[PDB]
Amino acid sequence: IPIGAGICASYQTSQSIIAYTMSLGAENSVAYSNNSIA
Amino acid sequence: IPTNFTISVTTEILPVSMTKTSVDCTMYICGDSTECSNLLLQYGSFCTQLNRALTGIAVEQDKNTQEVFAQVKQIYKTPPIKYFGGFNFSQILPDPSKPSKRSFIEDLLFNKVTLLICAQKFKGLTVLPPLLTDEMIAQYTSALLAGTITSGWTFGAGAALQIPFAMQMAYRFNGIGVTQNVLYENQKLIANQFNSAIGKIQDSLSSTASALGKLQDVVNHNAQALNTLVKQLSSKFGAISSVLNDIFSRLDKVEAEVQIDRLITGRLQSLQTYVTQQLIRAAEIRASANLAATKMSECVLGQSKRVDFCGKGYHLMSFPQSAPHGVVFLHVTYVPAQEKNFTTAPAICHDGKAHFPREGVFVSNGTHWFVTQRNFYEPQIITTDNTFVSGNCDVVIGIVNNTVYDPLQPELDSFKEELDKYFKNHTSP
Amino acid sequence: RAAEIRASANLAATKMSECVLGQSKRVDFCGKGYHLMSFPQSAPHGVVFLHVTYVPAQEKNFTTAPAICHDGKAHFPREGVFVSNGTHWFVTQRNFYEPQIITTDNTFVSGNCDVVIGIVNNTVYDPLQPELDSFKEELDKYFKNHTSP
Amino acid sequence: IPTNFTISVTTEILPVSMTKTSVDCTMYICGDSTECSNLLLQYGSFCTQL
Ligand SMILES: *[C@@H]1O[C@H](CO)[C@@H](O[C@@H]2O[C@H](CO)[C@@H](O[C@@H]3O[C@H](CO)[C@@H](O)[C@H](O)[C@@H]3O)[C@H](O)[C@H]2NC(C)=O)[C@H](O)[C@H]1NC(C)=O
Ligand SMILES: *[C@@H]1O[C@H](CO)[C@@H](O[C@@H]2O[C@H](CO)[C@@H](O[C@@H]3O[C@H](CO)[C@@H](O)[C@H](O)[C@@H]3O)[C@H](O)[C@H]2NC(C)=O)[C@H](O)[C@H]1NC(C)=O
Ligand SMILES: *[C@@H]1O[C@H](CO)[C@@H](O[C@@H]2O[C@H](CO)[C@@H](O[C@@H]3O[C@H](CO)[C@@H](O)[C@H](O)[C@@H]3O)[C@H](O)[C@H]2NC(C)=O)[C@H](O)[C@H]1NC(C)=O
Ligand SMILES: *[C@@H]1O[C@H](CO)[C@@H](O[C@@H]2O[C@H](CO)[C@@H](O)[C@H](O)[C@H]2NC(C)=O)[C@H](O)[C@H]1NC(C)=O
Ligand SMILES: *[C@@H]1O[C@H](CO)[C@@H](O[C@@H]2O[C@H](CO)[C@@H](O)[C@H](O)[C@H]2NC(C)=O)[C@H](O)[C@H]1NC(C)=O
Ligand SMILES: *[C@@H]1O[C@H](CO)[C@@H](O[C@@H]2O[C@H](CO)[C@@H](O)[C@H](O)[C@H]2NC(C)=O)[C@H](O)[C@H]1NC(C)=O
Ligand SMILES: *[C@@H]1O[C@H](CO)[C@@H](O[C@@H]2O[C@H](CO)[C@@H](O)[C@H](O)[C@H]2NC(C)=O)[C@H](O)[C@H]1NC(C)=O
Ligand SMILES: *[C@@H]1O[C@H](CO)[C@@H](O[C@@H]2O[C@H](CO)[C@@H](O)[C@H](O)[C@H]2NC(C)=O)[C@H](O)[C@H]1NC(C)=O
Ligand SMILES: *[C@@H]1O[C@H](CO)[C@@H](O)[C@H](O)[C@H]1NC(C)=O
Ligand SMILES: *[C@@H]1O[C@H](CO)[C@@H](O)[C@H](O)[C@H]1NC(C)=O
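If you read the protein sequences in the order shown, they are chains R, Y, H and U. Numbering (PDB author numbering) for the first sequence: 664 to 676, 689 to 713. Numbering (PDB author numbering) for the second sequence: 714 to 828, 849 to 1162. For the third sequence, PDB author numbering gives the first residue as 1014, with consecutive numbering after it. For the fourth sequence, PDB author numbering gives the first residue as 714, with consecutive numbering after it.
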């Protein structure tokens, strides 16, 4: 539920309503080296 | 035929969203007056329509940025080492020193575009905040930048695959139409034309004041419209006064309703006109945002063959940057340099059979003949590994007559002469 | 609303014309990943496209080199990339793993091998020479038999 | 497999612009009258927007 300014609300867990900050996505890294190719 | 090249960086600016806004049913028309609201209650359900329209506009405004900036679902990060084979990317990667994780060009864009009047707007006119804060947009842009320099164009199609940058540029040139070797023999030169050119961008944005006009016009239009809407309510509209409390406190209950009716009709008409104008502007901004999304998807995540789409010249790559209510693309492209004149022929037949180039074109410097590429000068001897034969040479018009050196002649005669010498030696015993 | 619907209908017409009647090279236009084909279907006041697409599966990381210098002359791949599993080298395609021995049918020469950066050393199994060796070996054997008595 | 070819020419028409125009409030609304304009001045700033 978009509240605004990066804050979003939801209904979760014995159950209630919570408000949190969005997560853009799962962090990932790429191994870069000047003589390697996938 | 050109004999040299140059690399140019072009900038492009596109708006992506306008400022969300909302209005009040009653405080604008009948501010702190009970009787005016009581009489206004009998006019139907207009401001419900106004509220629905403005809510739709705000939702669409959020969706525009959400669609444009969120084409990757995994937030990549650049490696700590910053040696990309001679290329210098220090002008676009995020700067850790600043509390806000932004690069140099993003800082310039934010400083150049500038946003008591808001306090003056007590007349039920508010501005809502956007859903995506600026830090998240900057982080999306950083993810795109870190994904497009360490994995090529692969991360836009599936699993990200690493590859050296000096090989990615070779792939890009091979895509343009010039063989990859021309990169590996000029790498130290090419970087010098890149690292310099990107620098010239930073001054240009601060050189003229009309560079950021497209982004400034949106906020200018919004502020101007709100100011006119605020200033509209000073007009009598044919009534006796523009102050609502004076009419009630100076007249009885039998004719003051006529004048307050005139005033309420005027204010309602003005509000409806404002709503219609906002609808038109929102539609225009949505069209621009769709174009920006297409540009982001095609120019950045891959390589485009559409001429004059992602920059003048043959396209090499692009880099995105954020800006207040908009996006800025930096297109790196390739342009042929000074050229030379030459004499050419369509076909060439030696043994009564015409020959045609497999890829490239025939050329002559005045006395001999060579075969070369189209976008660069690199003469080579005509060989059967370069040409293919088809039919006779009595029907093609404009053919010339010169010998063709079949590379099979090296590859076999180099042994044939030795065999003949061996036989000649064998004759004596 | 009519203007908005007209814009959407024009976009849908372009989608039908380009993705269905042919193959599209525009990235992320007719579906995520590399494009193969599309199939149309109707729906109440609209159209539905089914895009078939090709996505690379699990991958392996190798060591790569830009060029190879064998007879004091650099070599470049005609189409593909050089990869090595650790001991000795091969040339493969870019979207699939299919190693092959380095051959002059796969590489072309350009200048000397002291201007390129990062070049390596390896022998090039130049194939037209074994093609002619299929006759060279028998020539040598027949000359040995010729001079034997 | 085809064994021959033909070359054809197709034509396409596209509009690019529409005729410019301009309007004048005072003469259109208040025809050669002074009182009408004097009382029209009290209606705000519609004409500037137009
Ligand atoms: C057009 O291009 C051709 C091919 O490069 C030019 O012919 C080349 O001319 C140079 C300059 O004389 C030759 O270099 C020297 O030639 C002498 C000839 O005896 C030789 O003894 C030297 O060792 C040295 O090689 C070069 O050989 C010659 N190319 C070939 C295949 O013989 C031609 O001059 C150009 N036309 C112009 C510039 O108008
Ligand atoms: C990297 O790839 C190369 C090329 O495949 C590998 O070298 C070759 O590996 C194969 C498989 O082990 C060898 O074939 C086998 O040889 C044994 C020797 O006794 C034989 O008994 C088997 O029947 C089979 O033919 C092949 O000989 C070998 N090539 C050479 C020149 O020795 C190499 O092992 C790979 N390296 C790694 C680390 O995987
Ligand atoms: C690939 O093979 C070539 C030739 O087979 C290698 O070139 C050789 O490189 C070494 C040093 O890497 C050179 O040694 C030097 O010789 C000079 C005298 O000329 C001496 O003064 C130096 O102190 C040093 O010892 C060697 O001369 C050179 N070969 C030739 C014919 O010039 C090359 O190094 C090989 N590449 C790799 C990656 O192994
Ligand atoms: C191709 O063009 C480049 C760019 O002009 C040339 O490099 C320049 O060479 C001159 C000397 O003639 C130097 O003064 C410049 O500083 C060089 N530019 C850079 C960016 O380093 C190059 O020489 C040209 N190549 C040929 C074969 O003419
Ligand atoms: C990449 O470019 C940046 C920007 O020009 C370089 O940083 C500058 O380096 C010069 C070298 O003396 C200094 O005078 C400037 O003050 C530096 N500017 C900034 C903002 O740091 C950087 O050195 C370049 N990268 C490499 C590897 O040379
Ligand atoms: C090669 O192309 C140039 C390009 O036009 C020809 O023109 C010469 O240079 C300028 C530019 O047109 C003209 O004003 C000169 O009059 C031309 N030179 C001469 C000597 O007339 C040039 O003639 C062409 N040369 C060849 C050998 O094809
Ligand atoms: C290339 O070879 C052909 C065939 O050898 C040449 O054609 C000759 O043209 C002359 C007049 O130009 C005739 O008198 C000969 O009879 C032709 N040859 C034959 C076999 O009939 C052609 O001229 C040569 N190209 C050039 C530029 O001379
Ligand atoms: C390909 O089609 C063209 C057009 O039908 C053919 O050209 C005609 O050929 C006939 C037979 O020689 C002539 O009588 C006509 O005059 C030609 N038409 C024109 C406009 O010139 C051509 O022959 C066909 N090619 C093949 C290989 O069948
Ligand atoms: C890769 O980069 C490192 C550090 O920049 C350097 O020491 C190394 O020589 C590079 N690799 C090659 C093959 O040049
Ligand atoms: C080119 O044109 C000139 C004059 O128009 C003519 O003399 C010459 O024969 C032409 N060349 C060819 C190959 O048609």
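All residues carry an ideal CB built from backbone N, CA and C; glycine is no exception.
Proximity test, residue i beta-carbon vs ligand 3 heavy atom, cut-off 7 angstroms
i                 : result
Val1133 (chain H) : yes
Simplified DSSP assignment, three categories, for residue i
i                     : result
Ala1080 (chain Y)     : coil
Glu780 (chain Y)      : helix
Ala1056 (chain Y)     : strand
residue 696 (chain Y) : Residue 696 (chain Y) cannot be examined here, being either before or after the span of chain Y that is shown, 714 to 1162.
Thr696 (chain R)      : strand
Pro1090 (chain H)     : strand
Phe1075 (chain Y)     : coil
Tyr1110 (chain Y)     : coil
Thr883 (chain Y)      : coil
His1064 (chain Y)     : strand
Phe927 (chain Y)      : helix
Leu828 (chain Y)      : coil
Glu702 (chain R)      : strand
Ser1097 (chain Y)     : strand
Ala1016 (chain Y)     : helix
residue 835 (chain Y) : Inspection of chain Y shows residue 828 followed directly by residue 849; residue 835 (chain Y) is thus not represented.
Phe1121 (chain H)     : strand
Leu727 (chain Y)      : strand
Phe1042 (chain Y)     : coil
Neighbour-count burial assignment, residue i, 16 or more Cβ in a 10 Å radius
i                     : result
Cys1126 (chain H)     : buried
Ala1015 (chain Y)     : buried
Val1033 (chain Y)     : buried
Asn751 (chain U)      : exposed
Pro1053 (chain H)     : exposed
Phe1156 (chain Y)     : exposed
residue 789 (chain U) : Residue 789 (chain U) lies beyond the stretch modelled for chain U, which goes from 714 to 763, so this question has no answer here.
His1101 (chain Y)     : exposed
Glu988 (chain Y)      : exposed
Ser721 (chain U)      : exposed
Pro807 (chain Y)      : buried
Ligand 9 heavy atom lying under 7 angstroms from the CB of residue i
i                 : result
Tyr917 (chain Y)  : no
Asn1074 (chain H) : no
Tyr707 (chain R)  : no
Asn1119 (chain Y) : no
Distance cut-off 7 angstroms: residue i Cβ against heavy atoms of ligand 8
i                 : result
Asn1098 (chain H) : no
Residue i Cβ short of 7 angstroms to ligand 4 heavy atom set
i                : result
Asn717 (chain Y) : yes
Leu922 (chain Y) : yes
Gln926 (chain Y) : yes
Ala930 (chain Y) : no
Check: residue i C-beta below 7 angstroms from any heavy atom of ligand 2
i                 : result
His1101 (chain H) : yes
Residue i: CB within 7 angstroms of a non-hydrogen atom of ligand 5
i                : result
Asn801 (chain Y) : yes
Q | Residues of the segment 1110–1141 of chain H whose Cβ lies closer than 8 angstroms to any Cβ of chain Y, in chain order | A | In summary, the residues of the segment 1110–1141 of chain H whose CB is separated from some CB of chain Y by less than 8 angstroms are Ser1123, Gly1124, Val1128, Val1129, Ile1130, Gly1131 and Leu1141, in the order they occur in the chain.
*Contact set between the segment 992–1006 of chain Y and chain R, restricted to residues whose Cβ is under 9 angstroms from the partner*: Hits within the stretch: zero.
**Message:** Residues of the segment 1029–1041 of chain Y in Cβ contact with chain H at a cutoff of 9 angstroms, in chain order, please.
**Reply:** Correct list: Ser1030, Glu1031, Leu1034, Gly1035, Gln1036, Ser1037, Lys1038 and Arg1039.
- Please list the residues of the segment 1079–1112 of chain H that have a C-beta atom closer than 7 angstroms to any C-beta atom in chain Y, keeping them in chain order. When C-beta distances to chain Y are compared with 7 angstroms, the residues of the segment 1079–1112 of chain H below that value are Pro1079, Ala1080 and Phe1089, in chain order.
By the 8 angstroms beta-carbon criterion, what residues does the segment 691–710 of chain R contribute toward chain Y? Within the segment 691–710 of chain R, the qualifying residues are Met697, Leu699, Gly700, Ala701, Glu702, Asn703, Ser704, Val705, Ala706, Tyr707, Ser708, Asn709 and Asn710.
### Message
So if I threshold CB-CB distances at 9 angstroms, which residues from the segment 1055–1077 of chain H count as touching chain R?
### Response
Answer set for the segment 1055–1077 of chain H: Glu1072, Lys1073, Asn1074, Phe1075, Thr1076 and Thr1077.
* To do: Pull out every residue of the segment 733–759 of chain U whose Cβ sits closer than 9 angstroms to any Cβ of chain Y, in chain order.
  => Going along the segment 733–759 of chain U in chain order, one finds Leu752, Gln755, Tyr756, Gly757, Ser758 and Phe759 with a Cβ nearer than 9 angstroms to chain Y.
Residues of the segment 965–993 of chain Y with Cβ closer than 7 angstroms to any Cβ of chain U, in chain order: For the segment 965–993 of chain Y, the set of residues with a beta-carbon nearer than 7 angstroms to any beta-carbon of chain U comprises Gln965, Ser968, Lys969, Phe970 and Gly971, in chain order.
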